[PDB]
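This document starts with two versions of one protein chain, written out as structure tokens and named structure 1 and structure 2.
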Structure 1
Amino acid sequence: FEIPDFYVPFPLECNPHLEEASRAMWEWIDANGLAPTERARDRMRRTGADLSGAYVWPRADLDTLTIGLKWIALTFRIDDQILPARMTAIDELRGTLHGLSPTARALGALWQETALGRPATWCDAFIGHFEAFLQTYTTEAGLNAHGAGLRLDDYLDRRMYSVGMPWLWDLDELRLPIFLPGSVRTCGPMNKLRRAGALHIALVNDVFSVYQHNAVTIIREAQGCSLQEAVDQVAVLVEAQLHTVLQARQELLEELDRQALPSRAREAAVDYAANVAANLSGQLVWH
């Protein structure tokens, strides 16, 4: 099939601190036994975790980028090492986030470091997004036990979390002049932006990736159409997500005015939303 010529209008941004943050990431990996064999070290090298982070958080300072790369490296290792066996592994990880395996121990320590001195509303948002991400491993294994075709709408509802965007973007708040107020983080336009941006990225990933849990496959198997025809339909969905991102950004500006926020908070919210938009270009280029 012919891969669509995906176009995104937002500038392509990459973090200038990649080389230094990558050395700090690898040092943490080494310290934690997250790549305890050369096989594992080679898989880690080949995943491009560091480059991935430099595209997720292009505007971050070195300290924020470095913490973000630790999360990406950890999640790579969790993914590498992954229905009852999945539930058991996932529940042990989830437990660590509540103070309840070198990978699980690393997660609990990394969470302690991340939460320290960070506001409770942010911590709760990050945990919910991270737990939603982890739970997708169990959801998809459950669905695999069923005979019926997958529903696209339910797939997208889980895919916005399995792509990881939501918790990744939570970490972008660490580089802002202040954390988002709770009334901005979970306002209508921000939720719309977060979902559409996450789905744009994920659906582009699905096209480059095409395991049943893929929008291309789901459409093809439901309709009995050709692979190219299913791809073209996913391209239409992607364009829809783009236009939803564009709309939500405008709507966010209006909502910031309705809240009568301090200038610092308005600025932080606009910068966060520009980063969400940047990621549509960065992650397209990464794929």
Structure 2
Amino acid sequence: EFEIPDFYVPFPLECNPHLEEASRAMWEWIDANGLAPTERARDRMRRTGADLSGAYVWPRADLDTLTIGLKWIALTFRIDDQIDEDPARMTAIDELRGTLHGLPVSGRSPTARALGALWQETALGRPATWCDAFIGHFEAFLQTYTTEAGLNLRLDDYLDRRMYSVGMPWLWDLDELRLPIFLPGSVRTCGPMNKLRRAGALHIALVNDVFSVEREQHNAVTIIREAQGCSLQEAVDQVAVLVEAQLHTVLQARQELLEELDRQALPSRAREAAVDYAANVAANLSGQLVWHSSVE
């Protein structure tokens, strides 16, 4: 038992108003692909708030963009779910990874073909530059499963991995689908955008570690606990400090991003798309708080 911090995040609260319509489409796609055959998984799907989660990740998205996003969340839930039924699972991750590079599947493999299909629908006809970013981030995410099972822990090294395991970088890549244009390469990977992406992802992950530690180990509060040996509250306290650091960096990066966008030679609509994307990343940090409060 500990006092969970009352995290302050300044950015306005935003939630996608297409939730109901998109969620029905998600479940329809889940059942048509048979991705939740067991009642335990079906119950846990709606209990964790997988659909609501999407409404807070992409609050500005049109109905069709939210819908594809919810499919990715739903599939990720299944990937995670059937991994939990298990060290021979390394082969399954490598198979999933292959589908992202057009490798046909040999076996029957229900989930691995579902990824192949969703990947095909998401990626084909999109700019290669975007696809490469999305696959790179989604692959990093999948790789954390083999890393985290091989390790079954250092703080600095955990944060490096956690930025990707939390899934935010590939989730934000998908936000580009609703913008009037894709981010130029020069913007997607500029210093301020990289700084924002890392700090944003880590802020959300570390807040997740604090909300999680009751259930529970790959977690910032547990790592700090069984190294120093001090209180659970004292560990949560130090993670709160870490969260605050990430928020300071988010704010700094966003200011630096506007200056960088003004420096770069960009058409106005590209500049405008970048400002919007950044504001959406920031919005996620307030959205998380209300999402957690809702699933309780």
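In this text, the rigid core denotes the largest set of C-alpha atoms whose superposition between the two forms falls within 1.5 Å. Counting starts at 1 with the first residue of structure 1 and goes up one by one along its sequence.
Aligning the rigid core between the two structures and inspecting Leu51, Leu227, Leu253, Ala40, the C-alpha positions shift by 2 Å or more at one residue, which is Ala40. The Cα position of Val276 changes by 0.4 Å between the two structures once both are aligned on the rigid core.
On a core-based overlay, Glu27 has a Cα shift of 1.0 Å between the two structures.
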